[PDB]
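Before any questions on binding or motion, here is one chain by itself as structure tokens, the form deposited in one PDB entry.
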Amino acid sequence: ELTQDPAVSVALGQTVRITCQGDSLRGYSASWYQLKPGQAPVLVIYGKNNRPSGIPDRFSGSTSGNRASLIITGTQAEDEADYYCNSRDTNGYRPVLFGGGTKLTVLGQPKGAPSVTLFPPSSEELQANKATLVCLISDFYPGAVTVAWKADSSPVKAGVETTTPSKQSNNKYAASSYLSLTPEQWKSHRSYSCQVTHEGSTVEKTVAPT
């Protein structure tokens, strides 16, 4: 067994310690891997504080008894990821063990209001007898947001699909919402609206079939 804890926070530029516990840490010691969405894991620390080439010196590692720790000084927004401890047992058939993973969040980051763009159904989609309203929300921080749709002025909950906020390449968050309609509903109303509430305040965008 190899245990680590699933989440830890650090203020931007401060120091964070990510510890993992297990008896296999005595012996072949611990490895650390940075896992970001859609990317292969990256080995950042192994051995006695050994770093592969291309890893910043802000990363460091140390092992106590059966406890190993990944340390990040001057933590940056790019360091937000999942971190897994990894070792090889010495007894039995010597299996490779993975920790449960630790989610690193970086705090005191600059706040940003969401940029919202609502696309009406395209002429091509309507001619295929379908209609999707696409509301793209971007450039906001923190990455928490609630979406609501309206037909004319009445709320609409049928045919709604919203993704979970995800980081962009500039460390701000993005999210998307979809409202599926038939072409007859689309043209039967005067307008539709995408309502995006972020940190108490709301931005609404409106499209019209006319």
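Residue numbers here begin at 1 and follow the sequence given.
J.: For the C-alpha atoms alone, is the average B factor greater in 61-69 or in 38-46, going by the entry?
T.: That would be 61-69.
J.: Should the higher mean CA B-factor in the entry be assigned to 134-142 or to 72-80?
T.: According to the entry, 72-80 carries the higher average C-alpha B-factor.
J.: If I read the C-alpha B-factors straight from the PDB entry, which of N170, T162, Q185, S166 is highest?
T.: Each of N170, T162, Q185, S166 was compared by C-alpha B-factor; the highest is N170.
J.: Using the entry's values, work out which of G108, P121, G99, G112 has the largest Cα B factor.
T.: Highest CA B-factor of the listed options: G108.
J.: Going by the recorded CA B-factors, say which third of the chain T3 sits in, lowest, middle or highest.
T.: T3: CA B-factor falls in the middle third of its chain.
J.: Name the third of the chain's ranked CA B-factors that contains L181, choosing lowest, middle or highest.
T.: Middle third.
J.: Place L12 in the lowest, middle or highest third of its chain's C-alpha B-factors, as listed in the PDB entry.
T.: Within its chain, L12 is a middle-third residue by C-alpha B-factor, going by the deposited values.
J.: Compared with the other modelled residues in the chain, in which third is the CA B-factor of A174?
T.: Ranked within chain, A174 CA B lands in the lowest tercile.
J.: What third of its chain's C-alpha B-factors does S193 belong to: lowest, middle or highest?
T.: CA B-factor rank for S193: lowest third.
The next section is about a form of this same protein that is not shown, the form deposited in another entry.
J.: Rigid parts compared between this form and the one not shown: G92 grouped with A131?
T.: Taking the motion between this form and the one not shown as two rigid parts, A131 does not share its part with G92.
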